[PDB]
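A.B. asks: I'm passing along my_file14.pdb; it holds PDB, C-alpha atoms (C1' of nucleotides) and all ligand atoms.
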```
ATOM      1  CA  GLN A   1     -19.289   8.981  95.744
ATOM      2  CA  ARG A   2     -20.297   6.774  92.826
ATOM      3  CA  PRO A   3     -23.419   7.983  91.044
ATOM      4  CA  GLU A   4     -24.376   5.021  88.859
ATOM      5  CA  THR A   5     -26.861   5.119  86.022
ATOM      6  CA  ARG A   6     -26.588   2.799  83.042
ATOM      7  CA  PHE A   7     -26.827   4.425  79.605
ATOM      8  CA  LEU A   8     -28.395   2.033  77.131
ATOM      9  CA  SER A   9     -27.714   2.915  73.495
ATOM     10  CA  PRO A  10     -31.188   4.028  72.306
ATOM     11  CA  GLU A  11     -31.365   1.396  69.537
ATOM     12  CA  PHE A  12     -31.504  -1.449  72.015
ATOM     13  CA  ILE A  13     -35.030  -0.178  72.692
ATOM     14  CA  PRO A  14     -37.465  -2.263  70.574
ATOM     15  CA  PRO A  15     -40.388  -0.451  68.790
ATOM     16  CA  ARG A  16     -44.045  -0.643  69.888
ATOM     17  CA  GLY A  17     -45.209  -2.970  67.083
ATOM     18  CA  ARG A  18     -46.526  -6.483  67.607
ATOM     19  CA  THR A  19     -43.389  -8.092  66.161
ATOM     20  CA  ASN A  20     -42.318 -11.495  67.514
ATOM     21  CA  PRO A  21     -39.643 -10.931  70.210
ATOM     22  CA  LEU A  22     -37.427 -13.594  68.550
ATOM     23  CA  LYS A  23     -36.543 -10.955  65.962
ATOM     24  CA  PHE A  24     -35.078  -8.624  68.556
ATOM     25  CA  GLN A  25     -32.785 -11.232  70.161
ATOM     26  CA  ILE A  26     -31.283 -11.791  66.724
ATOM     27  CA  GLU A  27     -30.616  -8.112  65.980
ATOM     28  CA  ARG A  28     -29.174  -7.713  69.472
ATOM     29  CA  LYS A  29     -26.851 -10.702  69.090
ATOM     30  CA  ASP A  30     -25.607  -9.274  65.776
ATOM     31  CA  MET A  31     -25.059  -5.682  66.910
ATOM     32  CA  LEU A  32     -23.431  -6.973  70.092
ATOM     33  CA  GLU A  33     -21.168  -9.067  67.870
ATOM     34  CA  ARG A  34     -20.376  -5.778  66.141
ATOM     35  CA  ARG A  35     -19.699  -3.923  69.418
ATOM     36  CA  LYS A  36     -16.728  -6.217  70.088
ATOM     37  CA  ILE A  37     -14.769  -5.038  67.024
ATOM     38  CA  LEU A  38     -15.613  -1.365  66.493
ATOM     39  CA  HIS A  39     -15.998   0.495  69.785
ATOM     40  CA  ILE A  40     -19.181   2.593  69.934
ATOM     41  CA  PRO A  41     -18.958   5.493  72.470
ATOM     42  CA  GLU A  42     -21.876   7.260  74.181
ATOM     43  CA  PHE A  43     -23.219  10.505  72.692
ATOM     44  CA  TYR A  44     -26.413  12.507  72.490
ATOM     45  CA  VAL A  45     -28.168  14.836  70.102
ATOM     46  CA  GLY A  46     -26.047  17.968  70.431
ATOM     47  CA  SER A  47     -22.815  16.065  70.981
ATOM     48  CA  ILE A  48     -19.922  16.584  68.533
ATOM     49  CA  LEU A  49     -18.495  13.569  66.733
ATOM     50  CA  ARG A  50     -15.871  12.703  64.137
ATOM     51  CA  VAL A  51     -16.336   9.600  61.970
ATOM     52  CA  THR A  52     -13.770   7.751  59.884
ATOM     53  CA  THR A  53     -15.135   6.010  56.804
ATOM     54  CA  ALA A  54     -13.609   3.588  54.352
ATOM     55  CA  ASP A  55     -13.829   5.365  50.985
ATOM     56  CA  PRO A  56     -13.402   3.208  47.848
ATOM     57  CA  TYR A  57     -13.038   6.154  45.472
ATOM     58  CA  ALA A  58     -10.566   8.394  47.332
ATOM     59  CA  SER A  59      -6.773   7.884  47.403
ATOM     60  CA  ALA A  60      -6.461   7.922  51.162
ATOM     61  CA  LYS A  61      -9.049   5.256  51.888
ATOM     62  CA  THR A  62     -10.066   7.096  55.033
ATOM     63  CA  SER A  63     -12.663   9.869  54.824
ATOM     64  CA  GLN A  64     -12.945  12.128  57.857
ATOM     65  CA  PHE A  65     -16.080  13.942  58.959
ATOM     66  CA  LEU A  66     -16.940  16.148  61.946
ATOM     67  CA  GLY A  67     -20.227  17.611  63.183
ATOM     68  CA  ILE A  68     -23.138  17.743  65.625
ATOM     69  CA  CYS A  69     -25.398  14.770  66.096
ATOM     70  CA  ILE A  70     -28.720  16.254  65.034
ATOM     71  CA  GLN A  71     -30.981  13.206  65.551
ATOM     72  CA  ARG A  72     -30.965   9.438  65.941
ATOM     73  CA  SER A  73     -33.511   6.831  64.919
ATOM     74  CA  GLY A  74     -33.686   3.135  64.302
ATOM     75  CA  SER A  75     -33.685  -0.112  66.179
ATOM     76  CA  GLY A  76     -31.627  -3.261  65.944
ATOM     77  CA  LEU A  77     -28.969  -3.335  63.263
ATOM     78  CA  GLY A  78     -30.411  -0.434  61.270
ATOM     79  CA  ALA A  79     -29.468   2.245  63.805
ATOM     80  CA  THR A  80     -28.496   5.588  62.268
ATOM     81  CA  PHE A  81     -27.475   9.110  63.284
ATOM     82  CA  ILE A  82     -27.127  12.413  61.419
ATOM     83  CA  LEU A  83     -24.084  14.742  61.453
ATOM     84  CA  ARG A  84     -24.280  18.424  60.533
ATOM     85  CA  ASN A  85     -21.533  20.872  59.663
ATOM     86  CA  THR A  86     -20.823  23.980  57.608
ATOM     87  CA  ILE A  87     -17.874  23.598  55.247
ATOM     88  CA  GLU A  88     -16.837  26.862  53.559
ATOM     89  CA  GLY A  89     -20.422  28.173  53.833
ATOM     90  CA  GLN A  90     -22.198  25.126  52.466
ATOM     91  CA  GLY A  91     -24.515  23.418  54.955
ATOM     92  CA  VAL A  92     -23.782  19.687  54.949
ATOM     93  CA  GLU A  93     -25.614  16.779  56.563
ATOM     94  CA  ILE A  94     -24.671  13.128  56.494
ATOM     95  CA  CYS A  95     -26.718  10.114  57.506
ATOM     96  CA  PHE A  96     -24.520   7.373  59.020
ATOM     97  CA  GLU A  97     -25.457   3.792  59.838
ATOM     98  CA  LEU A  98     -24.151   3.079  63.319
ATOM     99  CA  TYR A  99     -23.406  -0.617  62.693
ATOM    100  CA  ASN A 100     -22.300  -0.279  59.068
ATOM    101  CA  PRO A 101     -19.058  -2.273  58.294
ATOM    102  CA  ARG A 102     -17.635   0.677  56.310
ATOM    103  CA  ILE A 103     -17.272   2.814  59.448
ATOM    104  CA  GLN A 104     -13.836   2.292  61.021
ATOM    105  CA  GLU A 105     -13.466   4.611  64.003
ATOM    106  CA  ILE A 106     -16.020   6.814  65.733
ATOM    107  CA  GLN A 107     -14.575   9.474  68.036
ATOM    108  CA  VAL A 108     -16.274  11.833  70.453
ATOM    109  CA  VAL A 109     -14.647  15.260  70.676
ATOM    110  CA  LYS A 110     -17.267  16.901  72.894
ATOM    111  CA  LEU A 111     -19.957  15.043  74.852
ATOM    112  CA  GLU A 112     -23.001  17.313  75.187
ATOM    113  CA  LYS A 113     -26.798  17.439  75.722
ATOM    114  CA  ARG A 114     -28.663  20.336  74.094
ATOM    115  CA  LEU A 115     -32.222  21.072  75.279
ATOM    116  CA  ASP A 116     -34.168  19.359  72.480
ATOM    117  CA  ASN A 117     -34.142  15.657  71.592
ATOM    118  CA  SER A 118     -33.713  16.507  67.922
ATOM    119  CA  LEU A 119     -32.377  19.606  66.273
ATOM    120  CA  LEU A 120     -33.424  19.877  62.663
ATOM    121  CA  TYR A 121     -34.017  23.511  63.470
ATOM    122  CA  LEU A 122     -30.339  24.216  63.107
ATOM    123  CA  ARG A 123     -31.218  24.368  59.407
ATOM    124  CA  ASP A 124     -32.898  27.731  59.896
ATOM    125  CA  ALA A 125     -30.511  28.922  62.590
ATOM    126  CA  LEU A 126     -27.722  31.389  61.741
ATOM    127  CA  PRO A 127     -24.516  29.944  60.177
ATOM    128  CA  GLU A 128     -22.411  30.166  63.414
ATOM    129  CA  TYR A 129     -24.157  27.342  65.219
ATOM    130  CA  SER A 130     -23.584  24.923  62.353
ATOM    131  CA  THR A 131     -19.896  25.791  61.943
ATOM    132  CA  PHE A 132     -17.154  23.792  63.635
ATOM    133  CA  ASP A 133     -13.379  23.575  63.534
ATOM    134  CA  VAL A 134     -12.333  20.519  61.506
ATOM    135  CA  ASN A 135      -9.109  20.175  63.496
ATOM    136  CA  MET A 136     -10.324  20.663  67.087
ATOM    137  CA  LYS A 137      -8.883  18.229  69.655
ATOM    138  CA  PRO A 138     -10.966  15.875  71.795
ATOM    139  CA  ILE A 139     -12.104  17.708  74.919
ATOM    140  CA  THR A 140     -12.364  14.961  77.481
ATOM    141  CA  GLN A 141     -14.863  14.101  80.232
ATOM    142  CA  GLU A 142     -14.146  14.511  83.948
ATOM    143  CA  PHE A 143     -16.336  11.527  84.908
ATOM    144  CA  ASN A 144     -18.701  13.770  86.870
ATOM    145  CA  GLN A 145     -21.316  11.210  85.805
ATOM    146  CA  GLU A 146     -23.224  14.300  84.770
ATOM    147  CA  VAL A 147     -23.548  14.810  81.041
ATOM    148  CA  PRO A 148     -23.472  18.607  80.935
ATOM    149  CA  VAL A 149     -26.748  20.195  79.833
ATOM    150  CA  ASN A 150     -25.873  23.200  77.735
ATOM    151  CA  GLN A 151     -28.825  25.515  77.548
ATOM    152  CA  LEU A 152     -28.203  27.732  74.559
ATOM    153  CA  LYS A 153     -30.940  29.744  72.889
ATOM    154  CA  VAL A 154     -30.348  30.193  69.144
ATOM    155  CA  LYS A 155     -30.906  32.985  66.580
ATOM    156  CA  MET A 156     -32.841  32.244  63.388
ATOM    157  CA  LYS A 157     -32.963  33.597  59.818
ATOM    158  CA  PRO A 158     -36.140  35.516  58.875
ATOM    159  CA  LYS A 159     -39.187  33.312  58.041
ATOM    160  CA  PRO A 160     -40.126  30.902  56.416
ATOM    161  CA  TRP A 161     -38.290  28.048  58.123
ATOM    162  CA  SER A 162     -38.086  24.511  56.714
ATOM    163  CA  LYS A 163     -40.637  23.465  59.380
ATOM    164  CA  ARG A 164     -42.973  25.432  61.594
ATOM    165  CA  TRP A 165     -40.993  25.412  64.825
ATOM    166  CA  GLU A 166     -43.257  27.664  66.842
ATOM    167  CA  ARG A 167     -46.028  25.070  66.962
ATOM    168  CA  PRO A 168     -46.650  22.887  70.085
ATOM    169  CA  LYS A 169     -46.153  19.482  68.465
ATOM    170  CA  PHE A 170     -42.423  20.266  68.242
ATOM    171  CA  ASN A 171     -41.920  21.349  71.878
ATOM    172  CA  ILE A 172     -38.819  23.389  71.047
ATOM    173  CA  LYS A 173     -37.236  24.961  74.130
ATOM    174  CA  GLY A 174     -33.983  25.666  72.290
ATOM    175  CA  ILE A 175     -35.102  28.411  69.904
ATOM    176  CA  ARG A 176     -35.146  32.018  71.019
ATOM    177  CA  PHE A 177     -38.732  33.006  70.216
ATOM    178  CA  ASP A 178     -38.899  36.554  71.564
ATOM    179  CA  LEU A 179     -36.660  38.004  68.863
ATOM    180  CA  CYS A 180     -37.939  35.791  66.053
ATOM    181  CA  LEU A 181     -41.682  36.193  66.590
ATOM    182  CA  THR A 182     -44.599  38.503  67.345
ATOM    183  CA  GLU A 183     -47.320  38.053  69.970
ATOM    184  CA  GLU A 184     -49.971  37.432  67.309
ATOM    185  CA  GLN A 185     -48.048  34.472  65.949
ATOM    186  CA  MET A 186     -47.502  33.152  69.466
ATOM    187  CA  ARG A 187     -51.285  33.124  69.903
ATOM    188  CA  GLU A 188     -51.684  31.463  66.518
ATOM    189  CA  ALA A 189     -49.278  28.710  67.504
ATOM    190  CA  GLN A 190     -51.413  28.085  70.611
ATOM    191  CA  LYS A 191     -54.440  27.108  68.522
ATOM    192  CA  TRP A 192     -52.743  23.885  67.447
ATOM    193  CA  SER A 193     -51.883  22.800  70.976
ATOM    194  CA  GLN A 194     -53.461  19.565  72.175
ATOM    195  CA  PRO A 195     -53.346  19.844  76.002
ATOM    196  CA  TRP A 196     -54.926  16.455  76.670
ATOM    197  CA  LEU A 197     -52.043  14.505  75.095
ATOM    198  CA  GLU A 198     -49.762  14.437  78.138
ATOM    199  CA  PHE A 199     -52.606  13.008  80.194
ATOM    200  CA  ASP A 200     -53.460  10.254  77.725
ATOM    201  CA  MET A 201     -52.125   7.425  79.940
ATOM    202  CA  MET A 202     -52.701   4.504  77.523
ATOM    203  CA  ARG A 203     -50.568   6.364  74.915
ATOM    204  CA  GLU A 204     -47.597   5.940  77.289
ATOM    205  CA  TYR A 205     -44.955   3.376  76.418
ATOM    206  CA  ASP A 206     -43.873   0.903  79.121
ATOM    207  CA  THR A 207     -40.331  -0.502  78.967
ATOM    208  CA  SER A 208     -38.655  -1.507  82.226
ATOM    209  CA  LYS A 209     -39.394  -5.256  82.097
ATOM    210  CA  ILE A 210     -37.707  -5.297  78.670
ATOM    211  CA  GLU A 211     -34.990  -2.998  80.000
ATOM    212  CA  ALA A 212     -34.012  -5.455  82.725
ATOM    213  CA  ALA A 213     -34.199  -8.392  80.309
ATOM    214  CA  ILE A 214     -31.957  -6.913  77.583
ATOM    215  CA  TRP A 215     -29.532  -5.268  80.022
ATOM    216  CA  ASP A 216     -29.113  -8.680  81.575
ATOM    217  CA  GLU A 217     -28.696  -9.961  78.015
ATOM    218  CA  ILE A 218     -25.818  -7.481  77.504
ATOM    219  CA  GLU A 219     -24.112  -8.469  80.787
ATOM    220  CA  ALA A 220     -24.491 -12.121  79.763
ATOM    221  CA  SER A 221     -22.994 -11.293  76.351
ATOM    222  CA  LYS A 222     -19.947  -9.445  77.772
ATOM    223  CA  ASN A 223     -19.227 -12.293  80.207
ATOM    224  CA  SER A 224     -18.856 -14.915  77.474
TER     225      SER A 224
ATOM    226  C1'   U B   1     -70.266  28.969  20.705
ATOM    227  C1'   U B   2     -75.685  30.115  21.859
ATOM    228  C1'   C B   3     -80.855  33.848  25.203
ATOM    229  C1'   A B   4     -81.613  37.968  28.396
ATOM    230  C1'   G B   5     -77.272  43.738  29.958
ATOM    231  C1'   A B   6     -73.602  46.702  27.352
ATOM    232  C1'   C B   7     -70.333  49.371  24.202
ATOM    233  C1'   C B   8     -67.331  50.217  18.917
ATOM    234  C1'   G B   9     -67.403  50.185  13.606
ATOM    235  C1'   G B  10     -71.145  49.788   9.957
ATOM    236  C1'   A B  11     -76.520  49.343   7.882
ATOM    237  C1'   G B  12     -81.362  51.524   8.298
ATOM    238  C1'   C B  13     -85.768  57.696   9.286
ATOM    239  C1'   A B  14     -86.494  54.491  13.138
ATOM    240  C1'   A B  15     -87.434  49.958  15.935
ATOM    241  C1'   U B  16     -83.801  46.675  15.504
ATOM    242  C1'   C B  17     -79.867  44.188  12.703
ATOM    243  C1'   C B  18     -74.086  41.987  10.594
ATOM    244  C1'   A B  19     -70.994  32.688  10.432
ATOM    245  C1'   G B  20     -67.906  41.231  12.598
ATOM    246  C1'   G B  21     -65.317  42.245  17.175
ATOM    247  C1'   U B  22     -65.376  43.205  22.552
ATOM    248  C1'   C B  23     -66.541  42.742  28.509
ATOM    249  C1'   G B  24     -70.579  39.900  31.671
ATOM    250  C1'   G B  25     -73.787  35.540  32.418
ATOM    251  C1'   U B  26     -77.740  29.240  36.905
ATOM    252  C1'   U B  27     -74.443  22.444  34.165
ATOM    253  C1'   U B  28     -80.328  19.440  37.959
ATOM    254  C1'   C B  29     -80.825  13.672  39.066
ATOM    255  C1'   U B  30     -81.355   9.292  45.683
ATOM    256  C1'   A B  31     -79.458   3.725  39.866
ATOM    257  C1'   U B  32     -85.350  -0.029  38.801
ATOM    258  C1'   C B  33     -83.185  -3.156  34.496
ATOM    259  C1'   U B  34     -78.897  -4.904  31.367
ATOM    260  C1'   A B  35     -73.449  -4.438  31.693
ATOM    261  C1'   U B  36     -69.394  -4.692  34.878
ATOM    262  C1'   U B  37     -66.136  -5.073  39.803
ATOM    263  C1'   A B  38     -57.863  -8.336  40.317
ATOM    264  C1'   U B  39     -54.496 -15.059  38.297
ATOM    265  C1'   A B  40     -49.138 -15.228  36.556
ATOM    266  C1'   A B  41     -45.602 -16.976  32.612
ATOM    267  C1'   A B  42     -41.889  -8.703  30.586
ATOM    268  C1'   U B  43     -40.934  -4.280  26.870
ATOM    269  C1'   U B  44     -37.471  -0.622  25.773
ATOM    270  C1'   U B  45     -33.300   2.354  25.909
ATOM    271  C1'   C B  46     -28.223   3.825  26.803
ATOM    272  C1'   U B  47     -23.348   2.435  28.020
ATOM    273  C1'   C B  48     -18.985  -1.068  28.033
ATOM    274  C1'   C B  49     -16.354  -3.979  25.048
ATOM    275  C1'   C B  50     -15.448  -5.970  19.898
ATOM    276  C1'   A B  51     -12.403  -3.321  16.793
ATOM    277  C1'   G B  52     -11.062   2.650  15.159
ATOM    278  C1'   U B  53     -11.150  -2.985  13.523
ATOM    279  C1'   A B  54     -14.465  -5.480   8.468
ATOM    280  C1'   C B  55     -15.597  -1.053   4.403
ATOM    281  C1'   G B  56     -13.326   2.939   1.397
ATOM    282  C1'   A B  57      -8.132   6.683  -2.279
ATOM    283  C1'   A B  58      -8.492   8.814   2.069
ATOM    284  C1'   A B  59     -12.531  11.818   5.176
ATOM    285  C1'   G B  60     -15.610   9.156   7.852
ATOM    286  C1'   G B  61     -16.736   4.762  10.030
ATOM    287  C1'   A B  62     -21.224  -1.244  11.210
ATOM    288  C1'   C B  63     -24.514  -5.283  12.535
ATOM    289  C1'   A B  64     -23.726 -10.216  15.156
ATOM    290  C1'   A B  65     -21.982 -12.494  19.654
ATOM    291  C1'   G B  66     -20.967 -11.341  25.070
ATOM    292  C1'   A B  67     -20.907  -8.597  29.990
ATOM    293  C1'   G B  68     -23.165  -4.011  32.655
ATOM    294  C1'   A B  69     -26.394  -0.271  34.044
ATOM    295  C1'   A B  70     -30.913   2.277  33.930
ATOM    296  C1'   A B  71     -36.093   3.537  32.649
ATOM    297  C1'   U B  72     -41.223   2.173  31.967
ATOM    298  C1'   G B  73     -45.066  -1.409  32.767
ATOM    299  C1'   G B  74     -46.939  -5.785  35.793
ATOM    300  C1'   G B  75     -46.644  -7.915  41.104
ATOM    301  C1'   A B  76     -45.392  -6.862  46.067
ATOM    302  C1'   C B  77     -43.138  -4.666  50.780
ATOM    303  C1'   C B  78     -41.368  -0.833  55.435
ATOM    304  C1'   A B  79     -34.925  -2.269  58.082
ATOM    305  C1'   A B  80     -33.467   2.493  56.990
ATOM    306  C1'   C B  81     -34.871   7.538  54.884
ATOM    307  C1'   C B  82     -38.970  10.742  54.052
ATOM    308  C1'   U B  83     -44.722  11.959  55.339
TER     309        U B  83
HETATM  310 MG    MG C 301     -39.852  22.777  52.733
HETATM  311 MG    MG C 302     -73.402  51.996  16.907
HETATM  312 MG    MG C 303     -67.654  39.151  37.156
HETATM  313 MG    MG C 304     -67.865  36.225  26.532
HETATM  314 MG    MG C 305     -73.202  17.610  35.823
HETATM  315 MG    MG C 306     -77.451  -2.543  42.780
HETATM  316 MG    MG C 307     -74.155   8.144  42.093
HETATM  317 MG    MG C 308     -41.616  -1.378  39.625
END
```
Starting from the coordinates I provided, produce the structure as structure tokens.
C.D. replies:
Amino acid sequence: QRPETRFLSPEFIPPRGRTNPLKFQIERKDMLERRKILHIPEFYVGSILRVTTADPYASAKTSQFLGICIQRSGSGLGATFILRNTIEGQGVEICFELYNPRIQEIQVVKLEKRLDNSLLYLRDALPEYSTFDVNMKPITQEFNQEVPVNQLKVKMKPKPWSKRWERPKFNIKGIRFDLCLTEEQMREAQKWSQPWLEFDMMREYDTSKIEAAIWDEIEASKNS
RNA sequence: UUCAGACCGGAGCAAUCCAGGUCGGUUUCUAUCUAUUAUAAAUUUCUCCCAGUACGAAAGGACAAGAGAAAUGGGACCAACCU
């Protein structure tokens, strides 16, 4: 059995603006020129990575970092992702540019999908979830063609949290809300819900034409 | 401060009073007329040097020239970040 679904790195998806499509073919040709030197592996928010940077100021030019991918955003050449880790008890985040020429090797130790598409809420979660072993070895993939969905509820510090996570606009399934909240506050949070949004139709973003076109563009670019 | 209430010194037999303190106390306008409603052509630090040299018995110790960084003020703009 060969389950086959093509994972397109999220920054090959052009934004909704009215920008002239000529711009996007340029960015694509550049970042696809970049793909051929530095190899960029798949990963998702929740997946654990280790990046090697060229560091001008250190003695060993290589700087090593390891953490969770908390969120990604961008498009074209300006793609970025954010790593999070606790070193010695200090919470540390880094923002990396995917296509930046300073980055030498990216390495995936654990490929994983956690329930929410961004976790900034690991800021208010207890220190365990942000801690990782600097030296852990890459734990490989069995080619199940199923990226494992780890459903893990989290514990949080007492309020306030850097954002209000209980409220509907965030759609957080990952947080454990029974232990961290009271019924009153769970009714409060329901006053900000906007039920009609999922049914808004016109607010929906259509892709697939573009998907076919640019995927064909990537095939065509690998061939040559 | 500056009215109406109120205490506390004091002054008056009192009513009341002292540019003496203290607490409290309504801030109204829908613009008729005149006036007016975006051109540009930078300013300042602090470093780095020079040169620890010129200057003085030593102790302390420069400008000028030349490379950098900022900050503020003009004019803009969202690839990223952040809202
Ligand atoms: Mg905050
Ligand atoms: Mg009296
Ligand atoms: Mg009052
Ligand atoms: Mg008063
Ligand atoms: Mg007034
Ligand atoms: Mg008029
Ligand atoms: Mg008016
Ligand atoms: Mg400015």
A.B. asks: Running the PyMOL selection byres (((not hetatm)) within 8 of (chain C and resi 302)) on this model by hand, what would come out? Give it as a PyMOL selection string.
C.D. replies: chain B and resi 8-10
A.B. asks: May I have the residues within 10 Å of ligand MG 301 (chain C), computed using all atoms listed in the file, as a PyMOL selection string?
C.D. replies: chain A and resi 160-164
A.B. asks: I'd like the contact shell of region 209-218 of chain A - 12 Å cut-off, all atoms listed in the file, skipping same-chain residues fewer than 6 positions apart - returned as a PDB file with C-alpha atoms, keeping the file's coordinate frame.
C.D. replies:
```pdb
ATOM      1  CA  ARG A   6     -26.588   2.799  83.042  1.00  0.00           C
ATOM      2  CA  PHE A   7     -26.827   4.425  79.605  1.00  0.00           C
ATOM      3  CA  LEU A   8     -28.395   2.033  77.131  1.00  0.00           C
ATOM      4  CA  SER A   9     -27.714   2.915  73.495  1.00  0.00           C
ATOM      5  CA  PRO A  10     -31.188   4.028  72.306  1.00  0.00           C
ATOM      6  CA  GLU A  11     -31.365   1.396  69.537  1.00  0.00           C
ATOM      7  CA  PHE A  12     -31.504  -1.449  72.015  1.00  0.00           C
ATOM      8  CA  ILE A  13     -35.030  -0.178  72.692  1.00  0.00           C
ATOM      9  CA  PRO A  14     -37.465  -2.263  70.574  1.00  0.00           C
ATOM     10  CA  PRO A  15     -40.388  -0.451  68.790  1.00  0.00           C
ATOM     11  CA  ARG A  16     -44.045  -0.643  69.888  1.00  0.00           C
ATOM     12  CA  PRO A  21     -39.643 -10.931  70.210  1.00  0.00           C
ATOM     13  CA  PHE A  24     -35.078  -8.624  68.556  1.00  0.00           C
ATOM     14  CA  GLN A  25     -32.785 -11.232  70.161  1.00  0.00           C
ATOM     15  CA  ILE A  26     -31.283 -11.791  66.724  1.00  0.00           C
ATOM     16  CA  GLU A  27     -30.616  -8.112  65.980  1.00  0.00           C
ATOM     17  CA  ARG A  28     -29.174  -7.713  69.472  1.00  0.00           C
ATOM     18  CA  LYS A  29     -26.851 -10.702  69.090  1.00  0.00           C
ATOM     19  CA  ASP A  30     -25.607  -9.274  65.776  1.00  0.00           C
ATOM     20  CA  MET A  31     -25.059  -5.682  66.910  1.00  0.00           C
ATOM     21  CA  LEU A  32     -23.431  -6.973  70.092  1.00  0.00           C
ATOM     22  CA  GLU A  33     -21.168  -9.067  67.870  1.00  0.00           C
ATOM     23  CA  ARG A  35     -19.699  -3.923  69.418  1.00  0.00           C
ATOM     24  CA  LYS A  36     -16.728  -6.217  70.088  1.00  0.00           C
ATOM     25  CA  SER A 224     -18.856 -14.915  77.474  1.00  0.00           C
TER      26      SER A 224
END
```
A.B. asks: Can you list what the PyMOL selection byres (((chain A and resi 174) around 12) and not hetatm) grabs from this structure, as number ranges by chain?
C.D. replies: A: 46, 113-122, 125, 149-156, 165-166, 170-173, 175-178
A.B. asks: Would you write out those residues with C-alpha atoms, as an mmCIF file, in the coordinates of the input?
C.D. replies:
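This went into selection17.cif:
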```cif
data_model
loop_
_atom_site.group_PDB
_atom_site.id
_atom_site.type_symbol
_atom_site.label_atom_id
_atom_site.label_comp_id
_atom_site.auth_asym_id
_atom_site.auth_seq_id
_atom_site.Cartn_x
_atom_site.Cartn_y
_atom_site.Cartn_z
ATOM 1 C CA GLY A 46 -26.047 17.968 70.431
ATOM 2 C CA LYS A 113 -26.798 17.439 75.722
ATOM 3 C CA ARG A 114 -28.663 20.336 74.094
ATOM 4 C CA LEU A 115 -32.222 21.072 75.279
ATOM 5 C CA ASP A 116 -34.168 19.359 72.480
ATOM 6 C CA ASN A 117 -34.142 15.657 71.592
ATOM 7 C CA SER A 118 -33.713 16.507 67.922
ATOM 8 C CA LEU A 119 -32.377 19.606 66.273
ATOM 9 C CA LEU A 120 -33.424 19.877 62.663
ATOM 10 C CA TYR A 121 -34.017 23.511 63.470
ATOM 11 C CA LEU A 122 -30.339 24.216 63.107
ATOM 12 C CA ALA A 125 -30.511 28.922 62.590
ATOM 13 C CA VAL A 149 -26.748 20.195 79.833
ATOM 14 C CA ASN A 150 -25.873 23.200 77.735
ATOM 15 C CA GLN A 151 -28.825 25.515 77.548
ATOM 16 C CA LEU A 152 -28.203 27.732 74.559
ATOM 17 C CA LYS A 153 -30.940 29.744 72.889
ATOM 18 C CA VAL A 154 -30.348 30.193 69.144
ATOM 19 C CA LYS A 155 -30.906 32.985 66.580
ATOM 20 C CA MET A 156 -32.841 32.244 63.388
ATOM 21 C CA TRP A 165 -40.993 25.412 64.825
ATOM 22 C CA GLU A 166 -43.257 27.664 66.842
ATOM 23 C CA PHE A 170 -42.423 20.266 68.242
ATOM 24 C CA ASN A 171 -41.920 21.349 71.878
ATOM 25 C CA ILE A 172 -38.819 23.389 71.047
ATOM 26 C CA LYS A 173 -37.236 24.961 74.130
ATOM 27 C CA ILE A 175 -35.102 28.411 69.904
ATOM 28 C CA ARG A 176 -35.146 32.018 71.019
ATOM 29 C CA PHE A 177 -38.732 33.006 70.216
ATOM 30 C CA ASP A 178 -38.899 36.554 71.564
#
```
A.B. asks: Could the residues of chain B within 10 Å of chain A, counting all atoms listed in the file, be given as a ChimeraX atom specification, please?
C.D. replies: /B:79-81
A.B. asks: Go through the chains and note each residue within 12 Å of ligand MG 303 (chain C), using all atoms listed in the file, then give the set as JSON, numbers by chain.
C.D. replies: {"B": [23, 24, 25]}
A.B. asks: Enumerate, in order of chain and increasing residue number, the residues of chain B with an atom no farther than 10 Å from ligand MG 305 (chain C), each with its shortest atom pair and distance in Å to one decimal, counting all atoms listed in the file, as a tab-separated table.
C.D. replies:
```
residue	atom	partner	partner_atom	distance
B:27	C1'	C:MG305	MG	5.3
B:28	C1'	C:MG305	MG	7.7
B:29	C1'	C:MG305	MG	9.2
```
A.B. asks: In Å, how far is it from CA of residue 47 (chain A) to CA of residue 104 (chain A)?
C.D. replies: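 Interatomic distance here is 19.2 Å.
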A.B. asks: With all atoms listed in the file counted, which protein, DNA or RNA residues have an atom no more than 12 Å from (-22.7, 15.0, 64.4) in the file frame? Please answer as JSON, numbers by chain.
C.D. replies: {"A": [43, 44, 45, 46, 47, 48, 49, 50, 51, 65, 66, 67, 68, 69, 70, 71, 72, 80, 81, 82, 83, 84, 85, 86, 92, 93, 94, 95, 96, 106, 107, 108, 109, 110, 111, 112, 118, 119, 120, 130, 131, 132]}
A.B. asks: Hey, can you check how far CA of residue 102 (chain A) sits from CA of residue 53 (chain A)?
C.D. replies: 5.9 Å
